[PDB]
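Dumped model_15.cif below, it's mmCIF, C-alpha atoms:
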```cif
data_upload
loop_
_atom_site.group_PDB
_atom_site.id
_atom_site.type_symbol
_atom_site.label_atom_id
_atom_site.label_comp_id
_atom_site.auth_asym_id
_atom_site.auth_seq_id
_atom_site.Cartn_x
_atom_site.Cartn_y
_atom_site.Cartn_z
ATOM 1 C CA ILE A 1 59.706 108.680 109.737
ATOM 2 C CA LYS A 2 61.909 107.852 112.751
ATOM 3 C CA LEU A 3 65.400 107.123 111.549
ATOM 4 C CA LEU A 4 66.556 104.563 114.137
ATOM 5 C CA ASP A 5 63.462 102.405 113.749
ATOM 6 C CA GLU A 6 63.686 102.495 109.951
ATOM 7 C CA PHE A 7 67.273 101.230 110.035
ATOM 8 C CA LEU A 8 66.396 98.514 112.577
ATOM 9 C CA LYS A 9 63.317 97.417 110.680
ATOM 10 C CA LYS A 10 65.299 97.214 107.432
ATOM 11 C CA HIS A 11 67.417 94.558 109.150
ATOM 12 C CA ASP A 12 64.540 92.844 110.989
ATOM 13 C CA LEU A 13 65.782 94.243 114.318
ATOM 14 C CA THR A 14 64.077 96.099 117.179
ATOM 15 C CA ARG A 15 65.004 98.713 119.787
ATOM 16 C CA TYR A 16 64.087 95.962 122.218
ATOM 17 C CA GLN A 17 67.004 93.833 120.942
ATOM 18 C CA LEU A 18 69.358 96.787 120.732
ATOM 19 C CA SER A 19 68.625 97.660 124.344
ATOM 20 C CA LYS A 20 69.272 94.099 125.529
ATOM 21 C CA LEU A 21 72.548 93.850 123.611
ATOM 22 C CA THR A 22 73.978 97.180 124.695
ATOM 23 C CA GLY A 23 72.487 97.911 128.108
ATOM 24 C CA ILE A 24 71.242 101.216 126.724
ATOM 25 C CA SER A 25 67.869 101.974 128.310
ATOM 26 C CA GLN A 26 64.461 101.736 126.607
ATOM 27 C CA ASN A 27 63.712 105.453 127.048
ATOM 28 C CA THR A 28 67.180 106.488 125.872
ATOM 29 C CA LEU A 29 66.536 104.584 122.653
ATOM 30 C CA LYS A 30 63.049 106.059 122.279
ATOM 31 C CA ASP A 31 64.835 109.444 122.502
ATOM 32 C CA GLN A 32 67.457 108.289 119.978
ATOM 33 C CA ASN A 33 64.602 107.351 117.608
ATOM 34 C CA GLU A 34 63.564 111.019 117.435
ATOM 35 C CA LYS A 35 67.020 112.462 116.823
ATOM 36 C CA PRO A 36 68.196 113.741 113.433
ATOM 37 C CA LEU A 37 71.289 111.967 112.071
ATOM 38 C CA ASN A 38 73.485 114.954 112.902
ATOM 39 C CA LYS A 39 73.080 114.095 116.614
ATOM 40 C CA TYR A 40 74.196 110.453 116.263
ATOM 41 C CA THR A 41 77.468 109.561 117.952
ATOM 42 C CA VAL A 42 80.073 107.123 116.682
ATOM 43 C CA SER A 43 79.160 105.082 119.789
ATOM 44 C CA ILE A 44 75.585 104.566 118.460
ATOM 45 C CA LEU A 45 76.957 103.759 115.006
ATOM 46 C CA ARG A 46 79.187 101.132 116.595
ATOM 47 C CA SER A 47 76.277 99.579 118.524
ATOM 48 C CA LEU A 48 74.220 99.346 115.337
ATOM 49 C CA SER A 49 77.249 97.892 113.531
ATOM 50 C CA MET A 50 77.544 95.245 116.238
ATOM 51 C CA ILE A 51 73.920 94.143 116.110
ATOM 52 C CA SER A 52 73.428 94.418 112.341
ATOM 53 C CA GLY A 53 76.694 92.967 111.046
ATOM 54 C CA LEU A 54 77.372 96.036 108.891
ATOM 55 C CA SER A 55 80.640 97.965 109.124
ATOM 56 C CA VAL A 56 80.384 101.297 110.939
ATOM 57 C CA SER A 57 80.880 102.902 107.509
ATOM 58 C CA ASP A 58 77.982 100.962 105.975
ATOM 59 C CA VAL A 59 75.715 101.683 108.957
ATOM 60 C CA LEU A 60 76.333 105.439 108.494
ATOM 61 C CA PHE A 61 75.644 105.188 104.759
ATOM 62 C CA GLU A 62 72.319 103.368 105.256
ATOM 63 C CA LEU A 63 71.266 105.979 107.853
ATOM 64 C CA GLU A 64 72.255 108.782 105.458
ATOM 65 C CA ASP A 65 70.241 107.101 102.716
ATOM 66 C CA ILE A 66 67.180 106.794 104.973
ATOM 67 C CA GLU A 67 67.489 110.407 106.094
ATOM 68 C CA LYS A 68 68.034 111.599 102.509
ATOM 69 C CA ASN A 69 64.773 109.933 101.416
ATOM 70 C CA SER A 70 62.692 111.812 103.990
ATOM 71 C CA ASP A 71 64.578 115.109 103.733
ATOM 72 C CA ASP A 72 63.053 118.211 102.105
ATOM 73 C CA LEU A 73 66.256 118.523 100.028
ATOM 74 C CA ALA A 74 65.850 122.289 100.200
ATOM 75 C CA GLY A 75 62.694 122.181 98.087
ATOM 76 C CA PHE A 76 63.606 119.438 95.622
ATOM 77 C CA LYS A 77 61.590 116.738 97.376
ATOM 78 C CA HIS A 78 58.444 118.505 96.146
ATOM 79 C CA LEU A 79 59.739 118.636 92.565
ATOM 80 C CA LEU A 80 60.928 115.002 92.589
ATOM 81 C CA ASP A 81 57.718 113.667 94.133
ATOM 82 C CA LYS A 82 55.493 115.768 91.868
ATOM 83 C CA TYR A 83 57.065 114.731 88.586
ATOM 84 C CA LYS A 84 57.955 111.221 89.818
ATOM 85 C CA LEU A 85 61.671 111.485 89.075
ATOM 86 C CA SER A 86 64.739 109.828 90.573
ATOM 87 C CA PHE A 87 68.357 110.982 90.277
ATOM 88 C CA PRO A 88 70.092 108.978 93.027
ATOM 89 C CA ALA A 89 73.695 110.294 92.746
ATOM 90 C CA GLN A 90 72.674 113.953 92.392
ATOM 91 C CA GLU A 91 70.050 113.810 95.143
ATOM 92 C CA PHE A 92 72.609 112.348 97.514
ATOM 93 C CA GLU A 93 75.242 114.934 96.589
ATOM 94 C CA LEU A 94 72.672 117.713 97.207
ATOM 95 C CA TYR A 95 71.752 116.095 100.521
ATOM 96 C CA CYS A 96 75.394 115.914 101.664
ATOM 97 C CA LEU A 97 75.977 119.607 100.833
ATOM 98 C CA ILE A 98 72.830 120.643 102.703
ATOM 99 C CA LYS A 99 73.946 118.677 105.750
ATOM 100 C CA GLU A 100 77.432 120.216 105.585
ATOM 101 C CA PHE A 101 75.959 123.736 105.777
ATOM 102 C CA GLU A 102 73.697 122.635 108.645
ATOM 103 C CA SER A 103 76.701 121.315 110.547
ATOM 104 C CA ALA A 104 78.344 124.743 110.100
ATOM 105 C CA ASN A 105 75.248 126.535 111.437
ATOM 106 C CA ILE A 106 74.588 128.093 108.044
ATOM 107 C CA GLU A 107 71.032 128.410 106.823
ATOM 108 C CA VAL A 108 70.207 126.961 103.418
ATOM 109 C CA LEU A 109 67.203 128.812 102.026
ATOM 110 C CA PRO A 110 64.870 126.525 100.054
ATOM 111 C CA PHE A 111 65.215 126.430 96.291
ATOM 112 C CA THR A 112 61.874 127.520 94.823
ATOM 113 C CA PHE A 113 60.432 126.936 91.361
ATOM 114 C CA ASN A 114 57.346 128.946 90.745
ATOM 115 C CA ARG A 115 58.473 130.165 87.329
ATOM 116 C CA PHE A 116 59.669 126.625 86.436
ATOM 117 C CA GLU A 117 56.308 125.156 87.432
ATOM 118 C CA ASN A 118 54.370 127.830 85.586
ATOM 119 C CA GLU A 119 56.187 127.244 82.297
ATOM 120 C CA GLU A 120 56.115 124.642 79.540
ATOM 121 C CA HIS A 121 58.998 122.149 79.324
ATOM 122 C CA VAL A 122 60.352 120.244 76.280
ATOM 123 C CA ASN A 123 61.585 117.420 78.538
ATOM 124 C CA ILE A 124 60.622 117.612 82.219
ATOM 125 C CA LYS A 125 63.042 114.896 83.380
ATOM 126 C CA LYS A 126 65.907 116.637 81.599
ATOM 127 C CA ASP A 127 64.798 120.013 82.967
ATOM 128 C CA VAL A 128 64.548 118.870 86.568
ATOM 129 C CA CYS A 129 67.930 117.141 86.249
ATOM 130 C CA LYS A 130 69.397 120.420 85.029
ATOM 131 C CA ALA A 131 67.750 122.334 87.898
ATOM 132 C CA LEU A 132 69.201 119.858 90.396
ATOM 133 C CA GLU A 133 72.698 120.084 88.881
ATOM 134 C CA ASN A 134 72.404 123.889 88.972
ATOM 135 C CA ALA A 135 71.434 123.767 92.692
ATOM 136 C CA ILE A 136 74.413 121.522 93.465
ATOM 137 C CA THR A 137 76.675 124.025 91.703
ATOM 138 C CA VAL A 138 75.334 127.010 93.675
ATOM 139 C CA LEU A 139 75.821 125.162 96.943
ATOM 140 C CA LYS A 140 79.410 124.245 95.953
ATOM 141 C CA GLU A 141 80.110 127.898 95.113
ATOM 142 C CA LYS A 142 78.552 129.002 98.406
ATOM 143 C CA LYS A 143 80.791 126.511 100.230
ATOM 144 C CA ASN A 144 83.846 127.683 98.289
ATOM 145 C CA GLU A 145 83.325 131.296 99.419
ATOM 146 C CA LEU A 146 83.736 130.042 102.996
ATOM 147 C CA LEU A 147 86.976 128.098 102.409
ATOM 148 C CA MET B 1 97.988 106.798 124.671
ATOM 149 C CA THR B 2 95.454 109.628 124.652
ATOM 150 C CA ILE B 3 96.096 111.156 121.243
ATOM 151 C CA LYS B 4 94.222 114.305 120.219
ATOM 152 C CA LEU B 5 92.085 112.995 117.415
ATOM 153 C CA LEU B 6 90.806 116.287 116.108
ATOM 154 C CA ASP B 7 94.241 117.916 115.891
ATOM 155 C CA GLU B 8 95.769 114.830 114.270
ATOM 156 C CA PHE B 9 93.101 114.884 111.602
ATOM 157 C CA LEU B 10 93.408 118.605 110.943
ATOM 158 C CA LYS B 11 97.209 118.440 110.929
ATOM 159 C CA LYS B 12 97.146 115.740 108.240
ATOM 160 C CA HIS B 13 95.087 118.103 106.071
ATOM 161 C CA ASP B 14 97.133 121.232 106.770
ATOM 162 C CA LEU B 15 94.222 122.587 108.754
ATOM 163 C CA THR B 16 93.920 124.197 112.165
ATOM 164 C CA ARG B 17 91.244 124.314 114.852
ATOM 165 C CA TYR B 18 91.289 128.071 114.258
ATOM 166 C CA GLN B 19 90.179 127.527 110.650
ATOM 167 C CA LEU B 20 87.554 124.997 111.664
ATOM 168 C CA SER B 21 86.162 127.540 114.124
ATOM 169 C CA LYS B 22 86.064 130.240 111.411
ATOM 170 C CA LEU B 23 84.075 127.936 109.147
ATOM 171 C CA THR B 24 81.573 126.551 111.623
ATOM 172 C CA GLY B 25 81.143 129.347 114.154
ATOM 173 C CA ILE B 26 81.998 126.781 116.826
ATOM 174 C CA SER B 27 83.998 128.563 119.557
ATOM 175 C CA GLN B 28 87.659 127.643 119.913
ATOM 176 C CA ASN B 29 87.122 126.449 123.487
ATOM 177 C CA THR B 30 84.401 124.063 122.312
ATOM 178 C CA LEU B 31 86.898 122.684 119.776
ATOM 179 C CA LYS B 32 89.447 122.360 122.585
ATOM 180 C CA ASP B 33 86.867 120.239 124.431
ATOM 181 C CA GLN B 34 86.252 118.305 121.205
ATOM 182 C CA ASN B 35 89.957 117.633 120.835
ATOM 183 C CA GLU B 36 89.908 115.837 124.240
ATOM 184 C CA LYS B 37 87.105 113.383 123.371
ATOM 185 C CA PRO B 38 87.476 109.749 122.289
ATOM 186 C CA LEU B 39 86.040 108.928 118.857
ATOM 187 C CA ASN B 40 82.925 107.285 120.343
ATOM 188 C CA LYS B 41 81.742 110.764 121.476
ATOM 189 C CA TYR B 42 82.051 112.297 117.984
ATOM 190 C CA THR B 43 78.750 113.254 116.362
ATOM 191 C CA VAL B 44 77.846 112.988 112.703
ATOM 192 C CA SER B 45 77.592 116.808 112.820
ATOM 193 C CA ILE B 46 81.311 117.016 113.614
ATOM 194 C CA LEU B 47 82.111 114.436 110.910
ATOM 195 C CA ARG B 48 80.200 116.594 108.402
ATOM 196 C CA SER B 49 82.050 119.770 109.440
ATOM 197 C CA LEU B 50 85.380 117.948 108.962
ATOM 198 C CA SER B 51 84.154 116.639 105.591
ATOM 199 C CA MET B 52 83.223 120.198 104.598
ATOM 200 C CA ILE B 53 86.584 121.768 105.430
ATOM 201 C CA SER B 54 88.772 118.849 104.263
ATOM 202 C CA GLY B 55 87.110 117.877 100.983
ATOM 203 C CA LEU B 56 86.894 114.264 102.131
ATOM 204 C CA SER B 57 83.577 112.384 102.166
ATOM 205 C CA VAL B 58 81.995 111.801 105.592
ATOM 206 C CA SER B 59 82.899 108.116 105.234
ATOM 207 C CA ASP B 60 86.544 108.918 104.504
ATOM 208 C CA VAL B 61 86.697 111.316 107.470
ATOM 209 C CA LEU B 62 85.298 108.662 109.791
ATOM 210 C CA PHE B 63 87.771 106.086 108.569
ATOM 211 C CA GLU B 64 90.758 108.452 108.987
ATOM 212 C CA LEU B 65 89.667 109.196 112.566
ATOM 213 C CA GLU B 66 89.261 105.474 113.270
ATOM 214 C CA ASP B 67 92.689 104.741 111.847
ATOM 215 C CA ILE B 68 94.228 107.496 113.951
ATOM 216 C CA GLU B 69 92.455 106.166 117.023
ATOM 217 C CA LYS B 70 93.375 102.541 116.250
ATOM 218 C CA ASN B 71 97.055 103.326 115.861
ATOM 219 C CA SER B 72 97.196 104.664 119.407
ATOM 220 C CA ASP B 73 94.829 102.139 121.016
ATOM 221 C CA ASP B 74 96.156 99.585 123.515
ATOM 222 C CA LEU B 75 94.369 96.875 121.443
ATOM 223 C CA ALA B 76 93.652 94.848 124.591
ATOM 224 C CA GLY B 77 97.361 94.271 125.178
ATOM 225 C CA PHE B 78 98.459 93.710 121.587
ATOM 226 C CA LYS B 79 100.004 97.174 121.143
ATOM 227 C CA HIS B 80 102.779 96.381 123.634
ATOM 228 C CA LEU B 81 103.330 93.052 121.888
ATOM 229 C CA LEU B 82 103.301 94.513 118.379
ATOM 230 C CA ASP B 83 105.576 97.372 119.465
ATOM 231 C CA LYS B 84 108.021 95.052 121.243
ATOM 232 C CA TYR B 85 108.578 92.849 118.187
ATOM 233 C CA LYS B 86 108.162 95.668 115.623
ATOM 234 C CA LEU B 87 105.425 93.824 113.740
ATOM 235 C CA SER B 88 102.489 95.221 111.724
ATOM 236 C CA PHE B 89 99.250 93.483 110.637
ATOM 237 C CA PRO B 90 96.945 96.347 109.612
ATOM 238 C CA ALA B 91 93.749 94.396 108.707
ATOM 239 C CA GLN B 92 93.884 92.130 111.774
ATOM 240 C CA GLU B 93 94.758 95.003 114.122
ATOM 241 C CA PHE B 94 91.838 96.984 112.705
ATOM 242 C CA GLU B 95 89.413 94.072 113.054
ATOM 243 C CA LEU B 96 90.481 93.677 116.696
ATOM 244 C CA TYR B 97 90.140 97.433 117.177
ATOM 245 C CA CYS B 98 86.612 97.317 115.669
ATOM 246 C CA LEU B 99 85.458 94.509 117.999
ATOM 247 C CA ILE B 100 86.863 96.216 121.075
ATOM 248 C CA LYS B 101 85.024 99.422 120.191
ATOM 249 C CA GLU B 102 81.805 97.483 119.559
ATOM 250 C CA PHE B 103 81.984 95.992 123.047
ATOM 251 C CA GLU B 104 82.821 99.368 124.552
ATOM 252 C CA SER B 105 79.747 100.831 122.761
ATOM 253 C CA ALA B 106 77.733 98.049 124.422
ATOM 254 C CA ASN B 107 79.163 98.911 127.865
ATOM 255 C CA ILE B 108 81.122 95.661 127.946
ATOM 256 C CA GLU B 109 84.718 95.757 129.155
ATOM 257 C CA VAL B 110 87.387 93.900 127.201
ATOM 258 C CA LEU B 111 90.160 92.800 129.543
ATOM 259 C CA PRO B 112 93.702 92.713 128.097
ATOM 260 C CA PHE B 113 94.980 89.517 126.505
ATOM 261 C CA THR B 114 97.972 88.121 128.402
ATOM 262 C CA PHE B 115 101.253 86.896 126.923
ATOM 263 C CA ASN B 116 107.763 81.925 126.962
ATOM 264 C CA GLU B 117 107.550 79.201 124.323
ATOM 265 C CA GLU B 118 109.952 78.867 121.399
ATOM 266 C CA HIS B 119 109.440 80.897 118.249
ATOM 267 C CA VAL B 120 111.264 80.241 114.987
ATOM 268 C CA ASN B 121 108.942 82.630 113.133
ATOM 269 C CA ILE B 122 107.887 85.444 115.470
ATOM 270 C CA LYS B 123 106.075 87.285 112.641
ATOM 271 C CA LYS B 124 103.927 84.259 111.998
ATOM 272 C CA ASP B 125 103.300 83.386 115.650
ATOM 273 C CA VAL B 126 102.266 86.879 116.815
ATOM 274 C CA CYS B 127 100.012 86.994 113.738
ATOM 275 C CA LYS B 128 98.273 83.814 114.921
ATOM 276 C CA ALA B 129 98.080 85.160 118.476
ATOM 277 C CA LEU B 130 96.211 88.139 117.049
ATOM 278 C CA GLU B 131 93.958 85.994 114.848
ATOM 279 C CA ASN B 132 93.175 83.816 117.866
ATOM 280 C CA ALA B 133 92.217 86.876 119.941
ATOM 281 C CA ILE B 134 89.930 88.069 117.171
ATOM 282 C CA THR B 135 88.179 84.716 117.233
ATOM 283 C CA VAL B 136 87.724 84.960 121.008
ATOM 284 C CA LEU B 137 86.005 88.345 120.720
ATOM 285 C CA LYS B 138 83.889 87.141 117.764
ATOM 286 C CA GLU B 139 82.741 84.147 119.771
ATOM 287 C CA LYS B 140 82.031 86.419 122.751
ATOM 288 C CA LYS B 141 80.006 88.693 120.458
ATOM 289 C CA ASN B 142 78.173 85.800 118.817
ATOM 290 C CA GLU B 143 77.064 84.542 122.220
ATOM 291 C CA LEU B 144 75.322 87.896 122.685
ATOM 292 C CA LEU B 145 73.530 87.922 119.305
#
```

Would you kindly transcribe this structure into structure tokens?
Amino acid sequence: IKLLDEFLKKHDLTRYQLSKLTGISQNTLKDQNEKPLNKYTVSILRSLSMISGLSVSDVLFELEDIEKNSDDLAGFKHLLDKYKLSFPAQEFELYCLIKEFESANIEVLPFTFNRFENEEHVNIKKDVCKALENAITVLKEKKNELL
Amino acid sequence: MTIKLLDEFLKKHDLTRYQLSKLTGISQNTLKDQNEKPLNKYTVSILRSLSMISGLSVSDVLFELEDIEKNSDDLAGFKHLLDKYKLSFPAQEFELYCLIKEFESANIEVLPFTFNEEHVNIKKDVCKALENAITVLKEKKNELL
């Protein structure tokens, strides 16, 4: 999806402009465009803040939000796309936990749902919400065992 | 001032580099290297690891690090001035800090502001000096946008 370009495009900006403003080379920025958010430096956040008018904090949040929307979310993307559901706060919380584990070099095995998808549900939205809350809880408990 | 950002952060949260290394598997010598870096070199990965161990959101971690950095920054000459007269203007100091770091991220040097007129209200006058300097950097930035 290319994270840097998505942010720039959201604000009607280009890597062309960013390169002229900052002196950062065209190929460096093409590289930057391929990087996952975990590789972004505060320096790049500051450059984007400068050109976009957003605080550094708000730049990071918009990039997180863009990344979150293309992320596998450890298997939940499939479930959310399939059933056409949206739980913004919970999805973001799950995303942040997943990225914490990644930053600690700890693998997060995908949540899987083959029994869930091969069973009847009274309310699918309620049931997926519950599954997402349950996944958040397991990841919090997994984190707690490390602290 | 070349304050050790990582240690200052961890110390404020009763944490050590040793604990951070335990959590993340990042070797203690790598964290010693990390401790020597200015904030502009910090990755989101590091911010996330600090968020994980501290219980603070990534946003709150970033802001704490920025505040630590800002409070030891030369502020293009204003630190000496602010220290001399024992004055504090947190929002204005931070806005000046933010602009300076924007320019540094754009490989643009900010030379220090230079400073015997009469002052009845030194608080007020240094505050305007600071506000004036902010405007200068904003105009300099606007010319580039």

For chain A, which residues have at least one atom within 10 Å of chain B, if we go by all atoms listed in the file? Write them as a count of residues only, please. 45

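Of note, CA of residue 31 in chain B and CA of residue 61 in chain B are spaced 16.8 Å apart.
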
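What the PyMOL selection byres ((chain B and resi 115) around 9) grabs from this file is residues 77, 81, 113, 114 and 116 of chain B.
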
What residues come out when you apply the PyMOL selection byres ((chain B and resi 93) around 12) to this file, written as a PyMOL selection string? chain B and resi 66-67+69-79+81-82+87-92+94-100+126-134

CA of residue 68 in chain B to CA of residue 109 in chain B measures 21.4 Å

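CA of residue 108 in chain A is positioned 8.8 Å from CA of residue 139 in chain A.
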
Using only C-alpha atoms, list the residues that have an atom at most 9 Å from (69.0, 103.6, 110.5), coordinates as in the file, as a compact mmCIF listing (two decimals) with C-alpha atoms, in the frame of the given file.
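For reference, out-v3.txt as written:
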```
# COMPACT_ATOMS: atom_id res chain seq x y z
CA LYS A 2 61.91 107.85 112.75
CA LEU A 3 65.40 107.12 111.55
CA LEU A 4 66.56 104.56 114.14
CA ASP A 5 63.46 102.40 113.75
CA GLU A 6 63.69 102.50 109.95
CA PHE A 7 67.27 101.23 110.04
CA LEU A 8 66.40 98.51 112.58
CA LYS A 9 63.32 97.42 110.68
CA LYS A 10 65.30 97.21 107.43
CA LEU A 37 71.29 111.97 112.07
CA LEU A 48 74.22 99.35 115.34
CA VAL A 59 75.72 101.68 108.96
CA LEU A 60 76.33 105.44 108.49
CA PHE A 61 75.64 105.19 104.76
CA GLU A 62 72.32 103.37 105.26
CA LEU A 63 71.27 105.98 107.85
CA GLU A 64 72.26 108.78 105.46
CA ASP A 65 70.24 107.10 102.72
CA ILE A 66 67.18 106.79 104.97
CA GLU A 67 67.49 110.41 106.09
```

Closest to residue 69 in chain A among A:1, A:129, A:111, A:122, using all atoms listed in the file? A:1

Is there a way to complete range 65-87 of chain B with N, CA and C atoms and then write that out as a short mmCIF file (atom, residue, chain, number, x, y, z; two decimals), in the coordinates of the input?
```
data_model
loop_
_atom_site.label_atom_id
_atom_site.label_comp_id
_atom_site.auth_asym_id
_atom_site.auth_seq_id
_atom_site.Cartn_x
_atom_site.Cartn_y
_atom_site.Cartn_z
N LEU B 65 89.73 109.04 111.12
CA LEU B 65 89.67 109.20 112.57
C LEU B 65 89.81 107.84 113.26
N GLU B 66 89.16 106.82 112.71
CA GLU B 66 89.26 105.47 113.27
C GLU B 66 90.68 104.95 113.16
N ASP B 67 91.32 105.21 112.02
CA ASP B 67 92.69 104.74 111.85
C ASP B 67 93.63 105.46 112.81
N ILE B 68 93.43 106.76 112.98
CA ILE B 68 94.23 107.50 113.95
C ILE B 68 94.01 106.92 115.34
N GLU B 69 92.75 106.68 115.70
CA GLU B 69 92.46 106.17 117.02
C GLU B 69 93.07 104.78 117.18
N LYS B 70 92.87 103.92 116.18
CA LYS B 70 93.38 102.54 116.25
C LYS B 70 94.88 102.50 116.45
N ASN B 71 95.60 103.40 115.78
CA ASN B 71 97.06 103.33 115.86
C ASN B 71 97.61 103.79 117.20
N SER B 72 96.75 104.30 118.07
CA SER B 72 97.20 104.66 119.41
C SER B 72 96.48 103.87 120.49
N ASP B 73 95.60 102.96 120.08
CA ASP B 73 94.83 102.14 121.02
C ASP B 73 95.71 101.04 121.62
N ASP B 74 95.45 100.70 122.87
CA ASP B 74 96.16 99.58 123.52
C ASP B 74 95.89 98.22 122.86
N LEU B 75 94.79 98.12 122.11
CA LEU B 75 94.37 96.88 121.44
C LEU B 75 94.36 95.67 122.41
N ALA B 76 93.82 95.90 123.60
CA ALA B 76 93.65 94.85 124.59
C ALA B 76 94.96 94.09 124.81
N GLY B 77 96.06 94.84 124.87
CA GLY B 77 97.36 94.27 125.18
C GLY B 77 98.25 94.04 123.97
N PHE B 78 97.67 94.04 122.77
CA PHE B 78 98.46 93.71 121.59
C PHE B 78 99.39 94.83 121.14
N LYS B 79 99.08 96.08 121.48
CA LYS B 79 100.00 97.17 121.14
C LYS B 79 101.40 96.96 121.74
N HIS B 80 101.48 96.62 123.03
CA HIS B 80 102.78 96.38 123.63
C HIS B 80 103.50 95.25 122.90
N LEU B 81 102.75 94.22 122.54
CA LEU B 81 103.33 93.05 121.89
C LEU B 81 103.83 93.42 120.49
N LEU B 82 102.96 94.05 119.72
CA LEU B 82 103.30 94.51 118.38
C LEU B 82 104.47 95.50 118.39
N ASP B 83 104.48 96.41 119.37
CA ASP B 83 105.58 97.37 119.46
C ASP B 83 106.89 96.69 119.84
N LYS B 84 106.82 95.74 120.77
CA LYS B 84 108.02 95.05 121.24
C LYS B 84 108.76 94.36 120.10
N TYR B 85 108.00 93.64 119.27
CA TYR B 85 108.58 92.85 118.19
C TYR B 85 108.58 93.56 116.83
N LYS B 86 108.10 94.81 116.81
CA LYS B 86 108.16 95.67 115.62
C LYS B 86 107.48 94.97 114.44
N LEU B 87 106.26 94.53 114.71
CA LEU B 87 105.42 93.82 113.74
C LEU B 87 104.19 94.66 113.40
#
```
